[PDB]
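> following this: a sequence and the matching experimental structure.
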Amino acid sequence: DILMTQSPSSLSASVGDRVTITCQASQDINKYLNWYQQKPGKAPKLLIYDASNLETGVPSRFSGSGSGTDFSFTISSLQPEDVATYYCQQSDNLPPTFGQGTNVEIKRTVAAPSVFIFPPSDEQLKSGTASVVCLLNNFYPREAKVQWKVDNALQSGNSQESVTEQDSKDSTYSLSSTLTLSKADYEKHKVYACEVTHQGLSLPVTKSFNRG
Amino acid sequence: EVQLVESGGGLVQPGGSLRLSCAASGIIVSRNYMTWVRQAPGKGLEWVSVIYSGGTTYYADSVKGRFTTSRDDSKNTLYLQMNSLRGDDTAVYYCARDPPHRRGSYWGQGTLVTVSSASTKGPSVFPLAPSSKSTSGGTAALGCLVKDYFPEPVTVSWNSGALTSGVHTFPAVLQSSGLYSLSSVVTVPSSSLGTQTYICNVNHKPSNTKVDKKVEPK
């Protein structure tokens, strides 16, 4: 069982920047190492085979090098459509083993999120549960902070978050924060607000709603 | 043209069985060695098994004694028979032909296998209406919440595929109750609110098809 140590697990670079991924083998595997690109929601696609050779159709900006234990995967001029997770894999030694994977993010200018708050619908209140949703529209970078304060009381442990992938035509992210509580707790309070902190906002923006 | 197509995945019970099939078009499965790879939700890739042209089969230690790779040359189809299924077997399964030191790698799109004792639950589609504070000329956000469903996945479209720009369907989040939840939002002009019909269509593994209209509150 050969261990594949891929590094780094994440990287950010602007369009046209040079990007290099390392992958160290625990044994000598000669040149029998492949590189796969997996875009979100799609299957992995083999880009580089036998350490250096390019698969059919792969643009020239992709390159691979190495022999023995150390190998490198390099994108010359990074393109936005190259946002994906890249995996190194040895092929000759059974069983074939993959690397941890590297997430590649394109870098762009800061974009503040458009924030929206969504009260629980009347149809869901009969289900005995209230769901409040805070939406952070297309923003960059992904690093944001969403806090729930109802009746000016901060909450924790009763909210979940979801983040989309980097857009293809925007290179931005979208976050959702969902605060879930019972109907009794919902009608026992009045003011509902989420507070969002993000680079590109001068101060934490607050969106609020009152029952009525 | 040249493609590999997986099928047979689904939601089974722990200890149950399953038969995955991989149909090859443009590749003679008898001439190359075929591989089964799997990827857990949000994790990396793990080699499962391989079968050679000569008929030799190899298996990962974690599935040895439970999984069996075979192929029917007359049907040009690879098979993976999975028995004694466990929870850690839940993954997307791909078949692949990576040519040895040549060009022509092909992976199928995969098939999702979920192993859990939980039953399928249809979701509840609730509205997230456009804010009454939306000022004309600007952009307003609306969406629908798809809550309490098992297992993955759900399909959300807008206006039967007519509305695609400005749509964000978030990945599903596993709630503390074990059921998944999901939200799909879309940004539209504050004008044409009440002049354009905004409807979100939700589909699921249980036969749930919700075609829900989003309107201002009162």
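Received it, and whenever you're ready, just let me know what you need. Residues are numbered from 1 along each chain as shown, chains lettered A, B, ... in the order given.
> which residue would you name as the spatial centre of chain A?
residue A:165 (5.2 Å; C-alpha atoms, centre = their mean).
> quick check: the gap between the nearest residue to residue B:72 once chain neighbours are set aside and residue B:68.
Using C-beta to C-beta, 6 or more residues apart in numbering or on different chains and skipping the chain neighbours, the partner closest in space to residue B:72 is residue B:79 (7.2 Å). For the C-beta atoms, the positions are set from N, CA and C on the backbone; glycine is no exception. Residue B:79 sits 8 Å away from residue B:68, going by C-beta to C-beta, to the nearest Å.
> what about these two, which has more around it?
Between residue B:79 and residue B:68, residue B:79 has the larger neighbour count (other C-beta atoms under 10 Å in any protein chain shown), namely 19 against 16.
> would you mark the buried spots in the host helix or strand of the more buried one?
Here residue B:79, judged by DSSP states H and E, is contained in strand B:77-82. By neighbour count on 16 or more other C-beta atoms under 10 Å in any protein chain shown, the buried set for strand B:77-82 is B:77, B:78, B:79, B:80, B:82.
> what angle separates the following helix or strand past it from strand B:77-82?
Following strand B:77-82 in sequence order, the next helix or strand is strand B:91-97 (DSSP H and E). If you take axes from the mean of the first three to the mean of the last three C-alpha atoms, to 10 degrees, strand B:91-97 sits at 150 degrees to strand B:77-82.
> quick one: distance of strand B:91-97 to the chain centre.
13 Å (C-alpha atoms, centre = their mean, to the nearest Å).
> ok so residue A:185 is a helix residue?
Yes: judged by DSSP: H, G, I helix; E, B strand; the rest coil, residue A:185 forms part of a helix.
> next up, the contacts around the residue lying closest to it once chain neighbours are set aside.
Distances taken as C-beta to C-beta, 6+ apart place residue A:130 nearest to residue A:185, at 7.5 Å, with adjacent residues excluded. Residues near residue A:130 by C-beta atoms under 8 Å, 6 or more residues apart in numbering or on different chains: A:120, A:124, A:180, A:181, A:182, A:183, A:185, A:186.
> same deal with residue A:34?
Counting by C-beta under 8 Å, 6+ apart, residue A:34 has contacts A:46, A:48, A:49, A:50, A:88, A:89, A:90, A:91, B:98.
> isn't the residue nearest to the centre of chain A right up against residue A:38?
No: if you go by C-beta atoms under 8 Å, residue A:165 and residue A:38 don't touch, sitting 11.7 Å apart.
> if we can go back for a sec, and the residue nearest to the centre of chain A, what element?
Applying DSSP H and E, one finds residue A:165 in no helix or strand.
> tell me how far it lies from chain B.
Relative to chain B, residue A:165 is positioned 8 Å away (C-beta to the nearest C-beta, to the nearest Å).
> how far does stretch A:14-27 sit from its chain's centre?
That offset, for stretch A:14-27, works out to 18 Å (C-alpha atoms, centre = their mean).
> just the terminal-to-terminal distance for that stretch.
Counting by C-alpha to C-alpha, to the nearest Å, you get 34 Å between the two ends of stretch A:14-27.
> which parts of chain B belong to which domain?
B:3-115, B:124-213 (automatic domain parsing).
> ranges for the helices of chain A?
A:122-126, A:183-187 (DSSP state H).
> contact partners for the residue nearest to the centre of chain A?
Counted by C-beta under 8 Å, 6+ apart, residue A:165 has contacts A:40, A:41, A:83, A:173.
> which two from those residues end up farthest apart in space?
Pairwise distances across the contacts of residue A:165 (C-beta to C-beta) peak at 15.4 Å, for the pair A:41 and A:173.
> and these two? Which one has more around it.
residue A:173 (23 against 8).
> can you give me the distance of the more buried one to chain B?
Using C-beta to the nearest C-beta, residue A:173 is found at 10 Å from chain B.
> can you count the residues close to the residue nearest to that residue when sequence neighbours are not counted?
With C-beta to C-beta, 6+ apart as the criterion, residue A:173 has its nearest non-adjacent residue at 4.4 Å, and that residue is residue A:142. Here the count is done by other C-beta under 10 Å, and residue A:142 has 17 residues near it.
> which residues does residue A:142 contact?
A:105, A:163, A:173, A:175.
> over to residue A:186?
Residue A:186 neighbours (C-beta under 8 Å, 6+ apart): A:120, A:125, A:130.
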